[PDB]
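Visitor: Return atomic coordinates for the entry below.
(11 chains)
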Amino acid sequence: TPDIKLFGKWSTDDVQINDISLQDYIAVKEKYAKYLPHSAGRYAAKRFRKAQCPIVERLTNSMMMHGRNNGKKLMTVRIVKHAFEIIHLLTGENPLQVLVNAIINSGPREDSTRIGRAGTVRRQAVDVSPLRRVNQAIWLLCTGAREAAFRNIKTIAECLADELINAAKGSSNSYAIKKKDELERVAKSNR
Amino acid sequence: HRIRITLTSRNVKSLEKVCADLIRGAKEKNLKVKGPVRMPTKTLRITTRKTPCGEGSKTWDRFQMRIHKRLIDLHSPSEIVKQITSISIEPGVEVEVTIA
Amino acid sequence: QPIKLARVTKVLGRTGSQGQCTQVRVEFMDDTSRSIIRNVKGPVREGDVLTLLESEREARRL
Amino acid sequence: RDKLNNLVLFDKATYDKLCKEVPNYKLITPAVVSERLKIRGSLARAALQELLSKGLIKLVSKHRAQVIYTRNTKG
Amino acid sequence: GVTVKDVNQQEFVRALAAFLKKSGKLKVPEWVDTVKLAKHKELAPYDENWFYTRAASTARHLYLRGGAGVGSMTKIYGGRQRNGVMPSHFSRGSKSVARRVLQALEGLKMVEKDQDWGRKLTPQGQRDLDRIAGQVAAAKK
Amino acid sequence: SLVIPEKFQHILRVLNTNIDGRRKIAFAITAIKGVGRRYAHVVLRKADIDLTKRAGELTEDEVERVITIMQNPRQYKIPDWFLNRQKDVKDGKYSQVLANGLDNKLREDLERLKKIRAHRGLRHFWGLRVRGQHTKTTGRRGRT
Amino acid sequence: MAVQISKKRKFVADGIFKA
Amino acid sequence: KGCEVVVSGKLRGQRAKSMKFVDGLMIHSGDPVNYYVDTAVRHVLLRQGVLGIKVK
Amino acid sequence: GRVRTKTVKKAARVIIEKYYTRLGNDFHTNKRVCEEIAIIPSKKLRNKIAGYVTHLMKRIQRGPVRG
Amino acid sequence: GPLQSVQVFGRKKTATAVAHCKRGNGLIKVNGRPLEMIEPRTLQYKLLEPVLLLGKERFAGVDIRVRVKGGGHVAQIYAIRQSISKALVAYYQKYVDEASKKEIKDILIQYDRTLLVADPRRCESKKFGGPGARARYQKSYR
RNA sequence: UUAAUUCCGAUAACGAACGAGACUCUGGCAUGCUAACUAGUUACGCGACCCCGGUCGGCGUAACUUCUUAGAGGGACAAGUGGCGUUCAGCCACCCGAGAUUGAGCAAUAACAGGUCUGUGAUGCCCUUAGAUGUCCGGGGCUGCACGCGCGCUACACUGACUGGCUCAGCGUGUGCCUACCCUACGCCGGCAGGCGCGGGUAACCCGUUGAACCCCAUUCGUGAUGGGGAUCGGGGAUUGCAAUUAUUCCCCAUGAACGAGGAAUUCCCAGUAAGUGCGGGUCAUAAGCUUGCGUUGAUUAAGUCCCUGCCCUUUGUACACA
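Guide: Residues are numbered from 1 along each chain as shown, chains lettered A, B, ... in the order given. Sharing the structure here:
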């Protein structure tokens, strides 16, 4: 295929990030569209190299946690493949656009932190950068799948498929959107 | 005729001096010589505690001792290279010669 | 109240108790003129964009 | 607090619910059917293999961890 | 044509264990329905005809890498002995199961008590191995 | 085949044992004190029973024949090594013990060591760990 | 000769002799 | 190029001292210490106890 | 963390003042000049000296070098 | 026709893979097995990367015998996908057009660099006072 | 400005020394060099099989050094392009490139009444010295249990347990001086732990191509303190030793405990790193829940700050200098 590279069986062409803020720090189309998430690495060396790592490889990397699931990227990629089948069936349209939309809608844009006048302290609200939007969106939906699957027959590949469908629509059902709106509430509380 | 000289030493450049000496010898006496076969080096490694007593912060010494080995094969009678092998014996390097 | 888009023009320096903000002057994408200083959480570049929930309140130039 | 008393074997009206509701589910897995009908995953799988073999459900791609089916295409 | 290496080995061993069971005359010992396959394993095998699978497994292991005695069969058929509350350790297979499988294949015209120890695969063995390989590949076609 | 058949036994009672019918047979018959996983699997392999069934799908004739093989160890070629009671110090008969019988065996045995006043019995009576286990920093939940 | 010490044990024995 | 003579132990009574006599250049760290600095640690038998000597 | 020490800098300034006419803009040629003219006891030190020589000389032309 | 043999390797980790490229018809086999049978099967496409991108048109002139040793499963898979790709570039400059190699190299290198350049990372040594390279044992106060 | 009293600048200072850096060992690059029947390759001939070819760790000797080994050199320097910088020191990006900070060893001036007299036939003083505080044998003890602390291991499950099948490593050590005591292929008996036979190896030669675990493919299980957990306990069976009771170690059936992710608090760590996962060395007659090394799979977050905790400076005050 010297033509175009499917993600196992999913089409990369005609998948547009509508949000302009998460256009620069989301790498899925034309050049970063690869068959697999599982690649070498060498993103962690420098600062902003993390931004260009395929967003599906970022999802895979974040999905595995809590000791037992450490250095199991082969198990993690097979869960993401199976989830991508399930989000295609349940929804109908492209699984890549499902993931992209879920990540855009899960990303917070205002959150609190402790600020200067270091005499004492102060909790003032600030804006999160488009890379921090991606980072927190992917983390929150990965812990959404983990916490949902833990002690319930609904298998993890199906749990991710629920959380991705929910967040991609902008549900309020998804753990990721609940937590986001909780952060933006506390931001409003102290601004 | 297949005589084999095994040169073994803790020092490398003293081993290479004796090795490069015996090849010069074999070639200037018109003899078939298999070049020095660099057998893998062995690292005698002993790691001790540093303190004689018990009550110092847990620090370890890591003593190493590298031992090096070349062997050079020769197709010749015994007594010619016997006169060569008797020449240029250093304090460091250790020679063992077998006949067949 | 409308969420507004602004392009970060330059990074100034880092503030907060434990150096966990970026003091940056952010120019509005909608109007060419309006540049206000805001504190930014997360790793921010020069030549990216921010989505402001309010377009008026400004950070202190420390 | 709560306890989940799933069936070990089929009831006649639960078997009716299976063979009639499941061929219209766009996602049929042993996890989904076990949640909806209240059955153990062993029976849930055994029924799914029985229904595929009889020729009603449409298999997608199975695995030792995850076995996924869907409804048969109508048009 | 095709050989043993040109087909998926997951289908090959089940095909060969079935092929040997279609013969169904493999000098199978007495204590098959009471024994545990290794002192690192806990239970008896889930399946009842584990002997014909292991006979075919040993057979293709001698095919690929020959000159293998009972001790290398206990090495290759090893796993974790998870020591309960202490951490897990590598442990060997049951010597009896491996020896009796080779003696079964010795009595049958497949292997041979080889010089330099262990068992070879004899031309009749290799033939039956290579022909079923073609049958499995033509089946997966 | 997969429907709960007529007269499916939800509750079984054998050797004063509550075996649930919903359990798979090899882990169903494993319930009683004396029958573990291994002994349950070898005797259900002995009795010509398909171990793929639930513990309620079988018939009472299949129940008695698996109960007989259970109480008849050597009588159906289960060897000396498998038994949970080998060469009893009073009886000298190599045969498995079950719930109420083993309760009698163990109780009599540790009370026998107590009455001969062998240390094992003395450690049993004074309420400490029997097998030379360090008690300087372990065994506090059972002893307040 | 008959005892036939390894190069490792021989070179350590040579070192201890000097020590 | 340079020397260092240390004599340590019970000097001028019961509590012990360390007298340090250096003249010229002396290096302390790195590999060149192996083949430029020649050392010698010794013990001497005096009536109060052991006097330790370190000559560099 | 690439700050050259007094050793590399002083050696560079002494080499240029004595042998200006040989050293040039190319790093590789004046690596070989410094190799010959200066008995430097290690290879990494020779490369760091030669490196700073073809930085000083690449700025002598621009003008007001002080040291 | 005459000799057209070239042996080229690929290392990613302790593992190594060596590919014997030579003229014939298209046949690429690793320790006997075809590329559809080398495990794990989860990394199917990672082995098909140079085939899928260069097309079978470029491969069908020559056959490659890959042989592997050292490292683990993922390591040896990144070793073989490097070994066949490097072997074909080295072949297509030594025996056919230099523009043909320039074409292959630019296509492979711009998809991913690791097809030609080995990742120079190796397992760092352990030091005392800790269970790994950098992690340290638990210090206790009070 | 730097990792740095590291440099550049300012400059009554100029020029230097130790520590820092350099240095040494190791990590990665060479289709270039010198070399290999104790490393292997590509061909070639025979030999087996499937339908000319395919596979061959089946055999055997002509070319060779890519693969393996260890010697010499080469290689990387902020060198090249662009910005910021008193336009200096240098910093940031980007190209070409195997590397654009690999890890450790070493380590100043001086100090502490820090630890060791249970390492020393290093050693002053005191004590004992024949019913010994010496030296040996015989037994017990250092393992003793209402309790409070510290380092660890297995866990609490489905990303999981179980049973099969498939498929990949790197460091090592190996017959003892007295020393007795080695690593083991292969074969028959046995369910297992072992037992009995004949060999190899003092070693790139034999164990050995070190068929490791995780992982990977397919059955069983179905949210139940459950096929999770494996403490505690009975009985029997093997091995070491002169002897295992107070179970040395190992095996088998049996027994099926608290534990639903852990309050106050708190430890370690930024890339082949954390963590998972197994494998050797030390101890060793018996012998890892320790430590010390080695691969294997391989991330989340950060390129910052003095907020907390420490430490070091400069200014300042002092009636303190055993501070």
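
Visitor: Can you list phi and psi of residue 17 for me?
Guide: No chain was given, so I picked chain A. When quoted as degrees, to the nearest 10, the phi and psi of residue A:17 stand at phi -80, psi 110.

Visitor: Chain J was what I was after
Guide: Main-chain torsions, residue J:17, degrees, to the nearest 10: phi -130, psi 130.

Visitor: Quick check: bridge partners of it?
Guide: residue J:10, residue J:68 (DSSP bridges).

Visitor: roughly how far apart are it and chain A?
Guide: From residue J:17 across to chain A, the span is 15 Å (C-beta to the nearest C-beta, to the nearest Å). Any C-beta I mention is one placed from the backbone N, CA and C, and that applies to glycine too.

Visitor: For chain A, what's the nearest residue on chain J?
Guide: Nearest residue of chain J to chain A, counting by C-beta to the nearest C-beta: residue J:45, 3.7 Å away.

Visitor: Contact residues of chain A facing chain J?
Guide: A:1-2, A:5, A:8, A:34-36, A:38-42, A:74, A:77-78 (C-beta under 8 Å from any C-beta of the partner chain).

Visitor: Please spell out the PyMOL selection for the buried subset of those residues.
Guide: Under the burial definition 16 or more other C-beta atoms under 10 Å in any protein chain shown, those of the residues of chain A next to chain J that qualify are selected in PyMOL by:
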select buried, chain A and resi 5+34+35+36+38+39+77+78
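
Visitor: now, among the residues of chain A next to chain J, which is nearest to residue E:87?
Guide: Residue E:87 has its nearest neighbour among the residues of chain A next to chain J in residue A:74, at 23.5 Å by C-beta to C-beta.

Visitor: That closest one sits in which helix or strand?
Guide: If you go by DSSP states H and E, residue A:74 is part of helix A:73-91.

Visitor: what does chain E have sitting close to chain F?
Guide: Looking at chain F, the residues of chain E close enough under C-beta under 8 Å from any C-beta are E:31, E:33, E:34, E:36, E:42, E:43, E:44, E:48.

Visitor: Helices - which of the residues of chain A next to chain J land there?
Guide: A:74, A:77, A:78 (DSSP state H).

Visitor: The helix holding residue A:74 near chain D anywhere?
Guide: Yes. Helix A:73-91 reaches chain D (C-beta under 8 Å from any C-beta) through A:78, A:82, A:85, A:86, A:89, A:90.

Visitor: and the closest residue to the second one other than its chain neighbours, how many neighbours does it have?
Guide: Same thing as residue A:82. Nearest non-adjacent residue to residue A:82, counting by C-beta to C-beta, 6 or more residues apart in numbering or on different chains: residue A:157, 3.8 Å away. Counted with other C-beta atoms under 10 Å in any protein chain shown, the neighbours of residue A:157 add up to 25.

Visitor: likewise residue H:15?
Guide: Counted with other C-beta under 10 Å, residue H:15 comes out at 7.

Visitor: on that earlier part again, highest neighbour count among the residues of helix A:73-91 next to chain D?
Guide: Result: residue A:86 is most packed of these (other C-beta under 10 Å), 26 neighbours.

Visitor: Please tell me how far it sits from chain G.
Guide: According to C-beta to the nearest C-beta, residue A:86 and chain G sit 61 Å apart.

Visitor: Report the contact partners of that residue.
Guide: By C-beta atoms under 8 Å, 6 or more residues apart in numbering or on different chains, the contact list for residue A:86 reads A:157, A:158, A:161, D:27, D:29, D:68.
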